[PDB]
Amino acid sequence: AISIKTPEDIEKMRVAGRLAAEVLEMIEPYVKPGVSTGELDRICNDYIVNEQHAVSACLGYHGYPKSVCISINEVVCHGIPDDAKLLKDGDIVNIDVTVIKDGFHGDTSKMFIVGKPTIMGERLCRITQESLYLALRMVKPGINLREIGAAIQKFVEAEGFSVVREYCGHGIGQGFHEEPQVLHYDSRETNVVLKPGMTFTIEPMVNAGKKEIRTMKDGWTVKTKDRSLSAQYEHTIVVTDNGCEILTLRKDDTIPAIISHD
Ligand SMILES: *C[C@H]1CCc2ccc(OC)cc2C1=O
Ligand SMILES: [Co+2]
Ligand SMILES: [Co+2]
Ligand SMILES: [Co+2]
Ligand code: NA
């Protein structure tokens with residue numbers, strides 16, 4: 001079943017979600033042409049462990065060897081930090097962080113555009129963030145997840161892009177990936193009504209081309225089948241009595257942390 005978090009659990013998820021957001025805030029000035037993805041991962045890991053006094057949920061998870069996932073251009077998700085892989089002008093890069101603090105998880109990702117942006121990279125990243133935000137604005141008690149996944153898909157396809165169908169958002173708490181699955185597209189299979197105290201992620205992945213993806217031979221890296229660009233943003237939220245509260249908000253977000261309906 002889906003766990004309802006207690007008020008004390010929610011306070012612990014505020015703290016873990018803030019730490020995760022803070023990793024994304026911190027790492028920004030380091031993202032520039034010529035830096036390696038391995039070095040970015042080391043900086044993040046060292047900050048989580050030594051500064052935040054927390055740990056990466058990603059390190060060792062099902063054997064994963066690094067602390068964050070770093071996904072460039074046509075890599076959709078789960079890109080593996082590599083000391084040999086250097087960023088360059090125009091690259092779009094997702095950094096996905098999940099921190100554990102006091103046994104609670106905070107999970108968030110954002111795109112960075114490296115150096116001189118390309119038109120396509122700027123547009124894809126903006127539409128992706130807007131897809132997340134439109135979903136965030138819908139969350140409240142009594143709505144069905146289906147409606148949220150439908151709204152993301154409608155908006156994205158109207159902008160000429162496609163929604164990746166795997167790798168959905170998820171419940172989160174003391175576990176990293178809990179129920180429910182949070183699909184970012186319309187499915188007749190989806191039927192989950194929200195209630196206050198649920199905690200879950202929304203994390204749409206949007207491809208500039210077609211939706212299909214492929215897992216590479218390293219067993220982790222996922223790429224677009226068509227080699228088009230792919231972008232993603234993620235937040236962790238808690239459902240409140242009248243809306244939701246974003247637990248991984250950053251200073252650069254332009255949506256309020258607390259979304260109230262009435
Ligand atoms: C932490 C990061 C490692 C890579 C990976 C692969 C598959 C998966 O499925 C839920 C999650 C992850 C990660 O979260
Ligand atoms: Co300290
Ligand atoms: Co997630
Ligand atoms: Co994540
Ligand atoms: Na990408």
# chains A, B, ... in the order shown; residues from 1 in each chain; ligands from 1
call {"tool": "select_by_dssp", "arguments": {"residues": "stretch 68-222 of chain A", "states": "strand (DSSP E or B)", "output": "PDB file with N, CA, C and O atoms, in the first residue's frame"}}
result
ATOM      1  N   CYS A  69      23.496  10.654 -10.553  1.00  0.00           N
ATOM      2  CA  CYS A  69      23.425  10.315 -11.975  1.00  0.00           C
ATOM      3  C   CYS A  69      23.554  11.611 -12.761  1.00  0.00           C
ATOM      4  O   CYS A  69      22.929  12.662 -12.437  1.00  0.00           O
ATOM      5  N   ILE A  70      24.392  11.581 -13.794  1.00  0.00           N
ATOM      6  CA  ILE A  70      24.671  12.745 -14.627  1.00  0.00           C
ATOM      7  C   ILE A  70      24.402  12.377 -16.073  1.00  0.00           C
ATOM      8  O   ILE A  70      25.143  11.543 -16.619  1.00  0.00           O
ATOM      9  N   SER A  71      23.439  12.966 -16.686  1.00  0.00           N
ATOM     10  CA  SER A  71      22.921  12.553 -17.978  1.00  0.00           C
ATOM     11  C   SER A  71      23.031  13.661 -19.008  1.00  0.00           C
ATOM     12  O   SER A  71      22.397  14.698 -18.839  1.00  0.00           O
ATOM     13  N   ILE A  72      23.888  13.529 -20.004  1.00  0.00           N
ATOM     14  CA  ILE A  72      24.147  14.545 -21.013  1.00  0.00           C
ATOM     15  C   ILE A  72      23.386  14.317 -22.304  1.00  0.00           C
ATOM     16  O   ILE A  72      23.454  13.187 -22.838  1.00  0.00           O
ATOM     17  N   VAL A  75      21.369  11.218 -23.507  1.00  0.00           N
ATOM     18  CA  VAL A  75      21.227  10.264 -22.399  1.00  0.00           C
ATOM     19  C   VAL A  75      20.015  10.703 -21.620  1.00  0.00           C
ATOM     20  O   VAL A  75      19.904  11.911 -21.267  1.00  0.00           O
ATOM     21  N   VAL A  76      19.056   9.821 -21.437  1.00  0.00           N
ATOM     22  CA  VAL A  76      17.777  10.098 -20.803  1.00  0.00           C
ATOM     23  C   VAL A  76      17.843  10.133 -19.298  1.00  0.00           C
ATOM     24  O   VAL A  76      17.219  10.963 -18.634  1.00  0.00           O
ATOM     25  N   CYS A  77      18.529   9.151 -18.741  1.00  0.00           N
ATOM     26  CA  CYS A  77      18.657   8.990 -17.330  1.00  0.00           C
ATOM     27  C   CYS A  77      19.753   8.004 -16.994  1.00  0.00           C
ATOM     28  O   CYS A  77      20.209   7.258 -17.856  1.00  0.00           O
ATOM     29  N   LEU A  86      34.049  15.003 -20.540  1.00  0.00           N
ATOM     30  CA  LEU A  86      34.123  16.422 -20.296  1.00  0.00           C
ATOM     31  C   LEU A  86      32.908  17.083 -20.942  1.00  0.00           C
ATOM     32  O   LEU A  86      32.457  16.704 -22.060  1.00  0.00           O
ATOM     33  N   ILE A  92      23.398  19.937 -22.664  1.00  0.00           N
ATOM     34  CA  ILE A  92      22.356  19.941 -21.623  1.00  0.00           C
ATOM     35  C   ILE A  92      22.642  18.783 -20.690  1.00  0.00           C
ATOM     36  O   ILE A  92      22.927  17.704 -21.167  1.00  0.00           O
ATOM     37  N   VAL A  93      22.595  19.028 -19.395  1.00  0.00           N
ATOM     38  CA  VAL A  93      22.985  17.964 -18.418  1.00  0.00           C
ATOM     39  C   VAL A  93      22.034  17.966 -17.275  1.00  0.00           C
ATOM     40  O   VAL A  93      21.783  18.973 -16.623  1.00  0.00           O
ATOM     41  N   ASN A  94      21.525  16.752 -17.027  1.00  0.00           N
ATOM     42  CA  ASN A  94      20.692  16.506 -15.840  1.00  0.00           C
ATOM     43  C   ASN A  94      21.644  16.001 -14.730  1.00  0.00           C
ATOM     44  O   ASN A  94      22.449  15.097 -14.938  1.00  0.00           O
ATOM     45  N   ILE A  95      21.479  16.546 -13.516  1.00  0.00           N
ATOM     46  CA  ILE A  95      22.071  15.931 -12.293  1.00  0.00           C
ATOM     47  C   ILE A  95      20.896  15.557 -11.420  1.00  0.00           C
ATOM     48  O   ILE A  95      20.067  16.396 -11.081  1.00  0.00           O
ATOM     49  N   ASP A  96      20.800  14.243 -11.099  1.00  0.00           N
ATOM     50  CA  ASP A  96      19.778  13.670 -10.230  1.00  0.00           C
ATOM     51  C   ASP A  96      20.378  13.237  -8.936  1.00  0.00           C
ATOM     52  O   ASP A  96      21.330  12.467  -8.968  1.00  0.00           O
ATOM     53  N   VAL A  97      19.899  13.825  -7.869  1.00  0.00           N
ATOM     54  CA  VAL A  97      20.456  13.598  -6.513  1.00  0.00           C
ATOM     55  C   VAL A  97      19.422  12.981  -5.646  1.00  0.00           C
ATOM     56  O   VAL A  97      18.283  13.407  -5.634  1.00  0.00           O
ATOM     57  N   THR A  98      19.819  12.007  -4.800  1.00  0.00           N
ATOM     58  CA  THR A  98      18.957  11.580  -3.687  1.00  0.00           C
ATOM     59  C   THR A  98      19.800  11.392  -2.456  1.00  0.00           C
ATOM     60  O   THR A  98      20.817  10.672  -2.457  1.00  0.00           O
ATOM     61  N   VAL A  99      19.467  12.172  -1.443  1.00  0.00           N
ATOM     62  CA  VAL A  99      20.142  12.146  -0.147  1.00  0.00           C
ATOM     63  C   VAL A  99      19.276  11.460   0.906  1.00  0.00           C
ATOM     64  O   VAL A  99      18.048  11.601   0.922  1.00  0.00           O
ATOM     65  N   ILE A 100      19.956  10.697   1.738  1.00  0.00           N
ATOM     66  CA  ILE A 100      19.319  10.110   2.896  1.00  0.00           C
ATOM     67  C   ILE A 100      19.816  10.807   4.132  1.00  0.00           C
ATOM     68  O   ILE A 100      21.028  10.951   4.334  1.00  0.00           O
ATOM     69  N   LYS A 101      18.877  11.259   4.975  1.00  0.00           N
ATOM     70  CA  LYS A 101      19.249  11.923   6.257  1.00  0.00           C
ATOM     71  C   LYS A 101      18.271  11.396   7.293  1.00  0.00           C
ATOM     72  O   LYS A 101      17.096  11.545   7.126  1.00  0.00           O
ATOM     73  N   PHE A 104      15.482   9.194   6.006  1.00  0.00           N
ATOM     74  CA  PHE A 104      14.472   9.671   5.033  1.00  0.00           C
ATOM     75  C   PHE A 104      15.174  10.186   3.778  1.00  0.00           C
ATOM     76  O   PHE A 104      16.200  10.767   3.862  1.00  0.00           O
ATOM     77  N   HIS A 105      14.499   9.984   2.653  1.00  0.00           N
ATOM     78  CA  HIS A 105      15.045  10.348   1.348  1.00  0.00           C
ATOM     79  C   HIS A 105      14.525  11.651   0.835  1.00  0.00           C
ATOM     80  O   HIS A 105      13.313  11.937   0.953  1.00  0.00           O
ATOM     81  N   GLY A 106      15.391  12.398   0.176  1.00  0.00           N
ATOM     82  CA  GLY A 106      14.995  13.557  -0.625  1.00  0.00           C
ATOM     83  C   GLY A 106      15.586  13.455  -2.040  1.00  0.00           C
ATOM     84  O   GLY A 106      16.737  13.157  -2.183  1.00  0.00           O
ATOM     85  N   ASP A 107      14.718  13.623  -3.045  1.00  0.00           N
ATOM     86  CA  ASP A 107      15.066  13.215  -4.399  1.00  0.00           C
ATOM     87  C   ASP A 107      14.740  14.359  -5.391  1.00  0.00           C
ATOM     88  O   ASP A 107      13.584  14.831  -5.431  1.00  0.00           O
ATOM     89  N   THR A 108      15.719  14.848  -6.124  1.00  0.00           N
ATOM     90  CA  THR A 108      15.449  15.946  -7.006  1.00  0.00           C
ATOM     91  C   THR A 108      16.489  16.013  -8.123  1.00  0.00           C
ATOM     92  O   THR A 108      17.590  15.522  -7.984  1.00  0.00           O
ATOM     93  N   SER A 109      16.130  16.597  -9.251  1.00  0.00           N
ATOM     94  CA  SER A 109      17.048  16.748 -10.371  1.00  0.00           C
ATOM     95  C   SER A 109      16.742  18.021 -11.070  1.00  0.00           C
ATOM     96  O   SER A 109      15.558  18.534 -11.058  1.00  0.00           O
ATOM     97  N   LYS A 110      17.713  18.523 -11.846  1.00  0.00           N
ATOM     98  CA  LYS A 110      17.487  19.697 -12.681  1.00  0.00           C
ATOM     99  C   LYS A 110      18.414  19.612 -13.882  1.00  0.00           C
ATOM    100  O   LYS A 110      19.427  18.856 -13.847  1.00  0.00           O
ATOM    101  N   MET A 111      18.113  20.402 -14.907  1.00  0.00           N
ATOM    102  CA  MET A 111      18.990  20.577 -16.016  1.00  0.00           C
ATOM    103  C   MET A 111      19.862  21.803 -15.834  1.00  0.00           C
ATOM    104  O   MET A 111      19.493  22.825 -15.282  1.00  0.00           O
ATOM    105  N   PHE A 112      21.073  21.646 -16.342  1.00  0.00           N
ATOM    106  CA  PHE A 112      22.078  22.703 -16.518  1.00  0.00           C
ATOM    107  C   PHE A 112      22.443  22.775 -17.980  1.00  0.00           C
ATOM    108  O   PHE A 112      22.672  21.747 -18.636  1.00  0.00           O
ATOM    109  N   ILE A 113      22.538  23.990 -18.475  1.00  0.00           N
ATOM    110  CA  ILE A 113      22.996  24.190 -19.884  1.00  0.00           C
ATOM    111  C   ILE A 113      24.436  24.695 -19.730  1.00  0.00           C
ATOM    112  O   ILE A 113      24.726  25.630 -18.963  1.00  0.00           O
ATOM    113  N   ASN A 144      -7.039  12.095  -9.025  1.00  0.00           N
ATOM    114  CA  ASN A 144      -6.399  10.834  -9.448  1.00  0.00           C
ATOM    115  C   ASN A 144      -5.077  11.108 -10.183  1.00  0.00           C
ATOM    116  O   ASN A 144      -4.986  12.074 -10.940  1.00  0.00           O
ATOM    117  N   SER A 162       8.041  14.521 -26.968  1.00  0.00           N
ATOM    118  CA  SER A 162       7.476  13.262 -26.516  1.00  0.00           C
ATOM    119  C   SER A 162       7.857  12.958 -25.059  1.00  0.00           C
ATOM    120  O   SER A 162       8.830  13.493 -24.525  1.00  0.00           O
ATOM    121  N   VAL A 163       7.029  12.136 -24.449  1.00  0.00           N
ATOM    122  CA  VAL A 163       7.197  11.755 -23.026  1.00  0.00           C
ATOM    123  C   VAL A 163       7.769  10.369 -22.944  1.00  0.00           C
ATOM    124  O   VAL A 163       7.156   9.376 -23.488  1.00  0.00           O
ATOM    125  N   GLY A 169       7.877   8.654 -11.811  1.00  0.00           N
ATOM    126  CA  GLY A 169       8.003   9.129 -10.429  1.00  0.00           C
ATOM    127  C   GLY A 169       7.527   8.039  -9.519  1.00  0.00           C
ATOM    128  O   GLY A 169       7.095   6.933  -9.946  1.00  0.00           O
ATOM    129  N   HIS A 170       7.749   8.241  -8.224  1.00  0.00           N
ATOM    130  CA  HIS A 170       7.551   7.210  -7.246  1.00  0.00           C
ATOM    131  C   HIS A 170       7.269   7.781  -5.907  1.00  0.00           C
ATOM    132  O   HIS A 170       7.720   8.879  -5.507  1.00  0.00           O
ATOM    133  N   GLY A 171       6.565   6.976  -5.087  1.00  0.00           N
ATOM    134  CA  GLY A 171       6.567   7.231  -3.722  1.00  0.00           C
ATOM    135  C   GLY A 171       7.974   7.246  -3.143  1.00  0.00           C
ATOM    136  O   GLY A 171       8.915   6.627  -3.695  1.00  0.00           O
ATOM    137  N   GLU A 178       9.079   3.859  -3.502  1.00  0.00           N
ATOM    138  CA  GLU A 178       7.910   3.253  -2.880  1.00  0.00           C
ATOM    139  C   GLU A 178       6.728   3.391  -3.790  1.00  0.00           C
ATOM    140  O   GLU A 178       6.801   4.074  -4.802  1.00  0.00           O
ATOM    141  N   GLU A 179       5.633   2.718  -3.430  1.00  0.00           N
ATOM    142  CA  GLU A 179       4.362   3.010  -4.152  1.00  0.00           C
ATOM    143  C   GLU A 179       3.912   4.443  -3.873  1.00  0.00           C
ATOM    144  O   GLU A 179       4.175   4.995  -2.834  1.00  0.00           O
ATOM    145  N   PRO A 180       3.195   5.101  -4.796  1.00  0.00           N
ATOM    146  CA  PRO A 180       2.797   4.557  -6.068  1.00  0.00           C
ATOM    147  C   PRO A 180       3.775   4.795  -7.208  1.00  0.00           C
ATOM    148  O   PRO A 180       4.697   5.598  -7.015  1.00  0.00           O
ATOM    149  N   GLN A 181       3.603   4.146  -8.362  1.00  0.00           N
ATOM    150  CA  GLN A 181       4.168   4.644  -9.590  1.00  0.00           C
ATOM    151  C   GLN A 181       3.459   5.936 -10.028  1.00  0.00           C
ATOM    152  O   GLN A 181       2.268   6.058  -9.943  1.00  0.00           O
ATOM    153  N   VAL A 182       4.230   6.923 -10.446  1.00  0.00           N
ATOM    154  CA  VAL A 182       3.711   8.199 -10.909  1.00  0.00           C
ATOM    155  C   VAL A 182       4.044   8.334 -12.392  1.00  0.00           C
ATOM    156  O   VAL A 182       5.113   8.773 -12.777  1.00  0.00           O
ATOM    157  N   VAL A 193      -6.041   7.634  -6.075  1.00  0.00           N
ATOM    158  CA  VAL A 193      -6.553   8.907  -5.557  1.00  0.00           C
ATOM    159  C   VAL A 193      -5.556   9.404  -4.488  1.00  0.00           C
ATOM    160  O   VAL A 193      -5.138   8.633  -3.620  1.00  0.00           O
ATOM    161  N   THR A 199       3.754  11.141   0.154  1.00  0.00           N
ATOM    162  CA  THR A 199       5.015  11.787  -0.321  1.00  0.00           C
ATOM    163  C   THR A 199       5.504  11.028  -1.537  1.00  0.00           C
ATOM    164  O   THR A 199       5.534   9.825  -1.602  1.00  0.00           O
ATOM    165  N   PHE A 200       5.725  11.779  -2.627  1.00  0.00           N
ATOM    166  CA  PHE A 200       6.137  11.118  -3.886  1.00  0.00           C
ATOM    167  C   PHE A 200       6.861  12.124  -4.774  1.00  0.00           C
ATOM    168  O   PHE A 200       6.909  13.329  -4.435  1.00  0.00           O
ATOM    169  N   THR A 201       7.448  11.614  -5.855  1.00  0.00           N
ATOM    170  CA  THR A 201       8.160  12.453  -6.824  1.00  0.00           C
ATOM    171  C   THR A 201       7.395  12.585  -8.074  1.00  0.00           C
ATOM    172  O   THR A 201       6.626  11.706  -8.438  1.00  0.00           O
ATOM    173  N   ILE A 202       7.672  13.670  -8.803  1.00  0.00           N
ATOM    174  CA  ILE A 202       7.245  13.842 -10.185  1.00  0.00           C
ATOM    175  C   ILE A 202       8.572  14.141 -10.933  1.00  0.00           C
ATOM    176  O   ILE A 202       9.312  15.055 -10.513  1.00  0.00           O
ATOM    177  N   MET A 205      10.597  12.940 -18.067  1.00  0.00           N
ATOM    178  CA  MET A 205      11.616  12.949 -19.019  1.00  0.00           C
ATOM    179  C   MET A 205      10.997  13.193 -20.361  1.00  0.00           C
ATOM    180  O   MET A 205      10.032  12.476 -20.740  1.00  0.00           O
ATOM    181  N   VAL A 206      11.538  14.171 -21.103  1.00  0.00           N
ATOM    182  CA  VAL A 206      10.944  14.662 -22.344  1.00  0.00           C
ATOM    183  C   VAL A 206      12.024  14.551 -23.396  1.00  0.00           C
ATOM    184  O   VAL A 206      13.119  15.065 -23.238  1.00  0.00           O
ATOM    185  N   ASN A 207      11.670  13.934 -24.548  1.00  0.00           N
ATOM    186  CA  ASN A 207      12.600  13.778 -25.658  1.00  0.00           C
ATOM    187  C   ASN A 207      12.218  14.794 -26.742  1.00  0.00           C
ATOM    188  O   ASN A 207      11.029  15.032 -26.988  1.00  0.00           O
ATOM    189  N   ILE A 213      13.291   4.519 -25.914  1.00  0.00           N
ATOM    190  CA  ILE A 213      14.608   4.541 -25.271  1.00  0.00           C
ATOM    191  C   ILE A 213      15.288   3.170 -25.275  1.00  0.00           C
ATOM    192  O   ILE A 213      14.656   2.127 -25.551  1.00  0.00           O
ATOM    193  N   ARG A 214      16.563   3.154 -24.880  1.00  0.00           N
ATOM    194  CA  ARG A 214      17.341   1.903 -24.931  1.00  0.00           C
ATOM    195  C   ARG A 214      18.330   1.981 -23.818  1.00  0.00           C
ATOM    196  O   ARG A 214      18.913   3.071 -23.582  1.00  0.00           O
ATOM    197  N   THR A 215      18.563   0.840 -23.182  1.00  0.00           N
ATOM    198  CA  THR A 215      19.530   0.768 -22.107  1.00  0.00           C
ATOM    199  C   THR A 215      20.828   0.296 -22.705  1.00  0.00           C
ATOM    200  O   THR A 215      20.876  -0.688 -23.484  1.00  0.00           O
ATOM    201  N   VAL A 222      20.763   5.092 -20.069  1.00  0.00           N
ATOM    202  CA  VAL A 222      19.657   4.998 -20.962  1.00  0.00           C
ATOM    203  C   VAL A 222      19.753   6.135 -21.988  1.00  0.00           C
ATOM    204  O   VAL A 222      19.957   7.307 -21.606  1.00  0.00           O
TER     205      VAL A 222
END
call {"tool": "closest_atom_pairs", "arguments": {"of": "chain A", "to": "ligand 1", "cutoff": "6 Å", "atoms": "only C-alpha atoms and all ligand atoms", "output": "JSON lines"}}
result
{"residue": "A:58", "atom": "CA", "partner": "ligand 1", "partner_atom_place_in_ligand_line": "1 (C)", "distance": 3.3}
{"residue": "A:64", "atom": "CA", "partner": "ligand 1", "partner_atom_place_in_ligand_line": "3 (C)", "distance": 5.6}
{"residue": "A:78", "atom": "CA", "partner": "ligand 1", "partner_atom_place_in_ligand_line": "4 (C)", "distance": 4.9}
call {"tool": "residues_around", "arguments": {"residues": "residue A:82", "least_positions_apart": "3", "cutoff": "8 Å", "atoms": "only C-alpha atoms", "output": "list in words"}}
result
residues 36, 37, 38, 39 and 85 of chain A
call {"tool": "write_last_selection", "arguments": {"atoms": "N, CA and C atoms", "output": "compact mmCIF listing (two decimals), in the first residue's frame"}}
result
# COMPACT_ATOMS: atom_id res chain seq x y z
N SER A 36 34.83 17.48 -15.85
CA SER A 36 34.35 16.19 -16.05
C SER A 36 33.14 15.84 -15.18
N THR A 37 32.39 14.88 -15.62
CA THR A 37 31.20 14.40 -14.86
C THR A 37 31.70 13.65 -13.67
N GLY A 38 32.85 12.96 -13.79
CA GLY A 38 33.39 12.36 -12.58
C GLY A 38 33.76 13.31 -11.47
N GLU A 39 34.32 14.44 -11.83
CA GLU A 39 34.67 15.42 -10.86
C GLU A 39 33.41 16.03 -10.24
N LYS A 85 34.85 12.08 -19.07
CA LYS A 85 33.80 12.67 -19.87
C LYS A 85 33.66 14.14 -19.58
call {"tool": "select_by_dssp", "arguments": {"residues": "stretch 83-213 of chain A", "states": "alpha helix (DSSP H)", "output": "ChimeraX atom specification"}}
result
/A:119-136,145-158
call {"tool": "write_last_selection", "arguments": {"atoms": "N, CA and C atoms", "output": "compact mmCIF listing (two decimals), in the first residue's frame"}}
result
# COMPACT_ATOMS: atom_id res chain seq x y z
N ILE A 119 19.54 26.73 -29.13
CA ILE A 119 18.11 27.05 -29.12
C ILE A 119 17.32 25.83 -28.67
N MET A 120 17.66 24.69 -29.23
CA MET A 120 16.93 23.46 -28.95
C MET A 120 17.13 23.05 -27.53
N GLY A 121 18.33 23.21 -27.00
CA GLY A 121 18.55 22.78 -25.61
C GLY A 121 17.81 23.68 -24.68
N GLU A 122 17.81 24.96 -24.89
CA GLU A 122 17.11 25.94 -24.03
C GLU A 122 15.61 25.59 -24.06
N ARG A 123 15.05 25.42 -25.24
CA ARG A 123 13.57 25.16 -25.37
C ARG A 123 13.20 23.85 -24.68
N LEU A 124 13.96 22.78 -24.96
CA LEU A 124 13.60 21.44 -24.42
C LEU A 124 13.63 21.55 -22.88
N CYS A 125 14.61 22.18 -22.34
CA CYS A 125 14.76 22.27 -20.86
C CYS A 125 13.60 23.09 -20.33
N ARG A 126 13.26 24.21 -20.96
CA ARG A 126 12.17 25.03 -20.42
C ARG A 126 10.85 24.27 -20.47
N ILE A 127 10.50 23.60 -21.59
CA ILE A 127 9.23 22.90 -21.69
C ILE A 127 9.19 21.80 -20.67
N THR A 128 10.32 21.13 -20.46
CA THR A 128 10.35 20.05 -19.44
C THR A 128 10.04 20.59 -18.10
N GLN A 129 10.70 21.68 -17.67
CA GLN A 129 10.40 22.23 -16.33
C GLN A 129 8.93 22.65 -16.26
N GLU A 130 8.44 23.26 -17.35
CA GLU A 130 7.04 23.68 -17.30
C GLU A 130 6.12 22.49 -17.16
N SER A 131 6.44 21.32 -17.72
CA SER A 131 5.63 20.15 -17.58
C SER A 131 5.58 19.70 -16.12
N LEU A 132 6.71 19.78 -15.44
CA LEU A 132 6.74 19.46 -14.02
C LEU A 132 5.88 20.44 -13.24
N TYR A 133 6.07 21.72 -13.52
CA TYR A 133 5.31 22.69 -12.77
C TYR A 133 3.82 22.54 -12.96
N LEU A 134 3.35 22.28 -14.17
CA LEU A 134 1.92 22.15 -14.38
C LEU A 134 1.38 20.98 -13.60
N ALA A 135 2.17 19.94 -13.46
CA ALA A 135 1.75 18.76 -12.68
C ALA A 135 1.69 19.12 -11.22
N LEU A 136 2.71 19.81 -10.72
CA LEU A 136 2.77 20.25 -9.32
C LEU A 136 1.51 21.05 -8.94
N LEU A 145 -4.01 10.34 -9.84
CA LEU A 145 -2.72 10.46 -10.60
C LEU A 145 -2.91 10.42 -12.05
N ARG A 146 -3.90 9.65 -12.53
CA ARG A 146 -4.11 9.60 -14.00
C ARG A 146 -4.26 10.91 -14.64
N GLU A 147 -5.00 11.82 -14.01
CA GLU A 147 -5.22 13.14 -14.56
C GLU A 147 -3.92 13.94 -14.67
N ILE A 148 -3.03 13.75 -13.69
CA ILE A 148 -1.76 14.45 -13.73
C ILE A 148 -0.87 13.96 -14.91
N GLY A 149 -0.73 12.64 -15.10
CA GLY A 149 0.04 12.07 -16.16
C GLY A 149 -0.58 12.49 -17.48
N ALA A 150 -1.91 12.46 -17.58
CA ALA A 150 -2.55 13.00 -18.81
C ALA A 150 -2.26 14.40 -19.14
N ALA A 151 -2.18 15.27 -18.18
CA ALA A 151 -1.94 16.69 -18.37
C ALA A 151 -0.48 16.93 -18.80
N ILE A 152 0.48 16.19 -18.21
CA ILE A 152 1.84 16.35 -18.62
C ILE A 152 1.93 15.98 -20.14
N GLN A 153 1.43 14.81 -20.50
CA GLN A 153 1.53 14.30 -21.87
C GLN A 153 0.87 15.27 -22.86
N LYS A 154 -0.33 15.73 -22.53
CA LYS A 154 -0.98 16.71 -23.39
C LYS A 154 -0.18 17.92 -23.69
N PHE A 155 0.45 18.52 -22.66
CA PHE A 155 1.21 19.71 -22.76
C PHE A 155 2.46 19.41 -23.57
N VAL A 156 3.21 18.38 -23.19
CA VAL A 156 4.46 18.06 -23.91
C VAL A 156 4.25 17.82 -25.41
N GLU A 157 3.27 16.97 -25.72
CA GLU A 157 3.00 16.61 -27.17
C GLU A 157 2.53 17.84 -27.90
N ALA A 158 1.79 18.73 -27.29
CA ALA A 158 1.42 20.01 -27.91
C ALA A 158 2.57 20.94 -28.26
call {"tool": "closest_residue", "arguments": {"among": "A:67, A:260, A:56, A:228", "to": "residue A:40", "atoms": "only C-alpha atoms"}}
result
A:67
call {"tool": "closest_residue", "arguments": {"among": "A:57, A:241, A:192, A:258", "to": "ligand 4", "atoms": "only C-alpha atoms and all ligand atoms"}}
result
A:57
call {"tool": "residues_around", "arguments": {"residues": "stretch 22-25 of chain A", "least_positions_apart": "3", "cutoff": "7 Å", "atoms": "only C-alpha atoms", "output": "PDB file with C-alpha atoms, in the first residue's frame"}}
result
ATOM      1  CA  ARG A  18      16.340  20.545   1.469  1.00  0.00           C
ATOM      2  CA  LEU A  19      19.726  18.774   1.544  1.00  0.00           C
ATOM      3  CA  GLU A  28      25.905  25.002 -10.312  1.00  0.00           C
ATOM      4  CA  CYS A  44      28.629  16.179  -4.755  1.00  0.00           C
ATOM      5  CA  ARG A 250      15.639  25.656  -4.855  1.00  0.00           C
TER       6      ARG A 250
END
call {"tool": "closest_residue", "arguments": {"among": "A:68, A:27, A:208, A:143", "to": "ligand 4", "atoms": "only C-alpha atoms and all ligand atoms"}}
result
A:68
call {"tool": "closest_residue", "arguments": {"among": "A:259, A:168, A:198, A:84", "to": "ligand 3", "atoms": "only C-alpha atoms and all ligand atoms"}}
result
A:168
call {"tool": "closest_residue", "arguments": {"among": "A:236, A:221, A:45, A:191", "to": "residue A:176", "atoms": "only C-alpha atoms"}}
result
A:236
call {"tool": "closest_residue", "arguments": {"among": "A:74, A:59, A:117, A:188", "to": "residue A:226", "atoms": "only C-alpha atoms"}}
result
A:74
call {"tool": "atom_distance", "arguments": {"atom1": "atom CA of residue A:9", "atom2": "atom CA of residue A:62"}}
result
25.2 Å
call {"tool": "residues_around", "arguments": {"residues": "residue A:90", "least_positions_apart": "5", "cutoff": "6 Å", "atoms": "only C-alpha atoms", "output": "PyMOL selection string"}}
result
chain A and resi 114+116-118
call {"tool": "write_last_selection", "arguments": {"atoms": "C-alpha atoms", "output": "CSV table (one decimal), in the first residue's frame"}}
result
chain,number,residue,atom,x,y,z
A,114,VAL,CA,26.8,24.3,-20.3
A,116,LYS,CA,26.7,28.8,-24.8
A,117,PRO,CA,23.1,27.5,-25.0
A,118,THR,CA,21.7,26.0,-28.1
